[PDB]
file final_23.cif (mmCIF, C-alpha atoms)
data_data
#
loop_
_atom_site.label_atom_id
_atom_site.label_comp_id
_atom_site.auth_asym_id
_atom_site.auth_seq_id
_atom_site.Cartn_x
_atom_site.Cartn_y
_atom_site.Cartn_z
CA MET A 1 116.46 122.18 104.21
CA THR A 2 112.96 120.67 104.46
CA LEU A 3 114.42 117.89 106.66
CA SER A 4 116.52 120.15 108.91
CA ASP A 5 113.88 120.15 111.68
CA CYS A 6 113.84 116.34 111.62
CA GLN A 7 116.94 115.69 113.75
CA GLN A 8 115.22 112.96 115.79
CA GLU A 9 114.19 111.17 112.59
CA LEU A 10 117.72 111.48 111.19
CA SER A 11 119.26 110.00 114.35
CA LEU A 12 116.82 107.09 114.15
CA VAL A 13 117.72 106.32 110.53
CA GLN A 14 121.44 106.54 111.28
CA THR A 15 121.02 104.11 114.19
CA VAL A 16 118.98 101.62 112.17
CA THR A 17 121.30 101.64 109.13
CA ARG A 18 124.59 101.18 111.00
CA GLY A 19 125.68 97.60 111.60
CA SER A 20 127.65 94.90 109.83
CA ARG A 21 124.72 92.52 109.22
CA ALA A 22 122.51 93.11 106.18
CA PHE A 23 119.33 92.11 108.07
CA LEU A 24 117.72 93.90 110.99
CA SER A 25 117.40 91.81 114.10
CA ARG A 26 113.93 91.25 115.56
CA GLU A 27 114.85 93.63 118.38
CA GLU A 28 116.18 96.30 116.01
CA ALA A 29 113.08 96.19 113.81
CA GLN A 30 110.69 96.37 116.77
CA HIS A 31 112.61 99.30 118.24
CA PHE A 32 112.66 101.08 114.88
CA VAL A 33 108.91 100.58 114.51
CA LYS A 34 108.20 101.77 118.06
CA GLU A 35 110.26 104.92 117.50
CA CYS A 36 108.53 105.54 114.16
CA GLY A 37 105.22 105.68 116.02
CA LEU A 38 106.56 108.57 118.10
CA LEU A 39 108.24 110.54 115.29
CA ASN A 40 107.17 111.82 111.88
CA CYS A 41 107.01 108.62 109.83
CA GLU A 42 106.99 110.36 106.46
CA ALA A 43 110.19 112.23 107.35
CA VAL A 44 111.71 108.92 108.47
CA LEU A 45 110.82 107.32 105.14
CA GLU A 46 112.29 110.22 103.16
CA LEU A 47 115.52 109.89 105.17
CA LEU A 48 115.58 106.15 104.49
CA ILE A 49 115.21 106.91 100.78
CA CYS A 50 118.20 109.28 101.05
CA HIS A 51 120.23 106.37 102.47
CA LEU A 52 119.38 104.16 99.47
CA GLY A 53 121.64 106.17 97.17
CA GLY A 54 125.26 106.96 97.96
CA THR A 55 126.02 104.58 100.81
CA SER A 56 127.40 101.01 100.94
CA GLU A 57 125.61 97.79 100.01
CA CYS A 58 125.07 96.91 103.69
CA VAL A 59 123.56 100.32 104.47
CA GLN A 60 121.23 99.95 101.48
CA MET A 61 120.14 96.49 102.66
CA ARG A 62 119.43 97.76 106.18
CA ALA A 63 117.58 100.81 104.85
CA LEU A 64 115.43 98.53 102.66
CA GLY A 65 114.80 96.33 105.71
CA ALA A 66 113.56 99.38 107.61
CA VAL A 67 111.31 100.36 104.68
CA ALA A 68 109.89 96.83 104.66
CA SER A 69 109.28 96.91 108.42
CA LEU A 70 107.52 100.27 108.24
CA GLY A 71 105.42 99.08 105.30
CA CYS A 72 104.16 96.13 107.34
CA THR A 73 102.75 98.47 110.03
CA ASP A 74 99.65 100.65 109.91
CA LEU A 75 101.61 103.85 110.65
CA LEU A 76 101.05 105.07 107.07
CA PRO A 77 98.51 103.82 104.53
CA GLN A 78 100.31 101.31 102.36
CA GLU A 79 99.32 103.22 99.22
CA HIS A 80 101.08 106.26 100.72
CA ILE A 81 104.24 104.23 101.42
CA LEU A 82 104.07 103.05 97.79
CA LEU A 83 103.63 106.63 96.54
CA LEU A 84 106.70 107.77 98.48
CA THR A 85 108.98 104.78 97.74
CA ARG A 86 108.04 103.67 94.23
CA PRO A 87 110.58 105.81 92.26
CA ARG A 88 113.66 104.72 94.19
CA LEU A 89 112.46 101.12 94.48
CA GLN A 90 111.88 101.05 90.71
CA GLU A 91 115.41 102.38 90.13
CA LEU A 92 116.97 99.78 92.44
CA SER A 93 114.88 96.97 90.97
CA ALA A 94 116.32 97.88 87.53
CA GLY A 95 119.91 97.47 88.75
CA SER A 96 122.41 94.68 88.22
CA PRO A 97 121.37 91.33 89.75
CA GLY A 98 122.33 91.02 93.38
CA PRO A 99 121.03 91.38 96.94
CA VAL A 100 119.90 95.03 96.87
CA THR A 101 118.22 94.67 93.48
CA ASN A 102 116.46 91.49 94.66
CA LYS A 103 115.27 92.95 97.95
CA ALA A 104 114.04 96.20 96.39
CA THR A 105 112.08 94.17 93.85
CA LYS A 106 110.32 92.07 96.51
CA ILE A 107 109.40 95.18 98.51
CA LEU A 108 108.05 96.97 95.43
CA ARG A 109 106.04 93.94 94.28
CA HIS A 110 104.56 93.60 97.77
CA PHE A 111 103.49 97.26 98.01
CA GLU A 112 101.97 97.08 94.50
CA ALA A 113 100.09 93.89 95.36
CA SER A 114 98.49 95.47 98.43
CA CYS A 115 97.09 98.40 96.40
#
call {"tool": "encode", "arguments": {"input": "final_23.cif", "output": "structure tokens"}}
result
Amino acid sequence: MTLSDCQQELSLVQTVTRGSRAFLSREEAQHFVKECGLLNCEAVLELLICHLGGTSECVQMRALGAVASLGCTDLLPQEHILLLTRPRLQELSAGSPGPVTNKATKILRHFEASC
């Protein structure tokens, strides 16, 4: 589909979202951010959003961590990151109380504050 030519971006998102810890390490975040600078960041973000849906709680937490890390760079305007992520972040922030709901809320509030 429209992401089929984004195999490098897909491999990056699969790497960053696998792991048993819910928080990216400093080294994992910096690597993710460096690779984002070389790939299509918007395609990366859309693949992260895909991983916010069906997966496990840990994958969701790591995907949200990667969204937060990308939002704290200048790779995309922060208003553009908000445009792309607001619908899913709003849906998660409306969920049952818990770690994913809490983290999605903080990310959404931060992106809204910046704009």
call {"tool": "resolve_selection", "arguments": {"input": "final_23.cif", "expression": "the PyMOL selection byres ((chain A and resi 73-79) around 12)", "output": "PyMOL selection string"}}
result
chain A and resi 29-30+32-45+66-72+80-86+107-108+110-115
call {"tool": "write_last_selection", "arguments": {"input": "final_23.cif", "atoms": "C-alpha atoms", "output": "compact mmCIF listing (two decimals), in the frame of the given file"}}
result
# COMPACT_ATOMS: atom_id res chain seq x y z
CA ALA A 29 113.08 96.19 113.81
CA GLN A 30 110.69 96.37 116.77
CA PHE A 32 112.66 101.08 114.88
CA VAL A 33 108.91 100.58 114.51
CA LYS A 34 108.20 101.77 118.06
CA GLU A 35 110.26 104.92 117.50
CA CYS A 36 108.53 105.54 114.16
CA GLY A 37 105.22 105.68 116.02
CA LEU A 38 106.56 108.57 118.10
CA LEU A 39 108.24 110.54 115.29
CA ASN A 40 107.17 111.82 111.88
CA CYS A 41 107.01 108.62 109.83
CA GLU A 42 106.99 110.36 106.46
CA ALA A 43 110.19 112.23 107.35
CA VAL A 44 111.71 108.92 108.47
CA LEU A 45 110.82 107.32 105.14
CA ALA A 66 113.56 99.38 107.61
CA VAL A 67 111.31 100.36 104.68
CA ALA A 68 109.89 96.83 104.66
CA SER A 69 109.28 96.91 108.42
CA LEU A 70 107.52 100.27 108.24
CA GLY A 71 105.42 99.08 105.30
CA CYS A 72 104.16 96.13 107.34
CA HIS A 80 101.08 106.26 100.72
CA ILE A 81 104.24 104.23 101.42
CA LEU A 82 104.07 103.05 97.79
CA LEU A 83 103.63 106.63 96.54
CA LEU A 84 106.70 107.77 98.48
CA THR A 85 108.98 104.78 97.74
CA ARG A 86 108.04 103.67 94.23
CA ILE A 107 109.40 95.18 98.51
CA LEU A 108 108.05 96.97 95.43
CA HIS A 110 104.56 93.60 97.77
CA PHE A 111 103.49 97.26 98.01
CA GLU A 112 101.97 97.08 94.50
CA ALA A 113 100.09 93.89 95.36
CA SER A 114 98.49 95.47 98.43
CA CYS A 115 97.09 98.40 96.40
call {"tool": "closest_residue", "arguments": {"input": "final_23.cif", "among": "A:62, A:57, A:97, A:26", "to": "residue 14 of chain A", "atoms": "all atoms listed in the file"}}
result
A:62
call {"tool": "atom_distance", "arguments": {"input": "final_23.cif", "atom1": "atom CA of residue 64 of chain A", "atom2": "atom CA of residue 4 of chain A"}}
result
22.5 Å
call {"tool": "closest_residue", "arguments": {"input": "final_23.cif", "among": "A:16, A:47, A:10, A:104", "to": "residue 88 of chain A", "atoms": "only C-alpha atoms"}}
result
A:104
call {"tool": "atom_distance", "arguments": {"input": "final_23.cif", "atom1": "atom CA of residue 19 of chain A", "atom2": "atom CA of residue 6 of chain A"}}
result
22.2 Å
call {"tool": "atom_distance", "arguments": {"input": "final_23.cif", "atom1": "atom CA of residue 25 of chain A", "atom2": "atom CA of residue 105 of chain A"}}
result
21.1 Å
call {"tool": "closest_residue", "arguments": {"input": "final_23.cif", "among": "A:51, A:93, A:99, A:5", "to": "residue 22 of chain A", "atoms": "all atoms listed in the file"}}
result
A:99
call {"tool": "residues_around", "arguments": {"input": "final_23.cif", "residues": "residue 48 of chain A", "least_positions_apart": "4", "cutoff": "7 Å", "atoms": "only C-alpha atoms", "output": "PyMOL selection string"}}
result
chain A and resi 13+44+52+63
call {"tool": "residues_around", "arguments": {"input": "final_23.cif", "residues": "residue 23 of chain A", "least_positions_apart": "4", "cutoff": "9 Å", "atoms": "all atoms listed in the file", "output": "ChimeraX atom specification"}}
result
/A:58,61-62,65
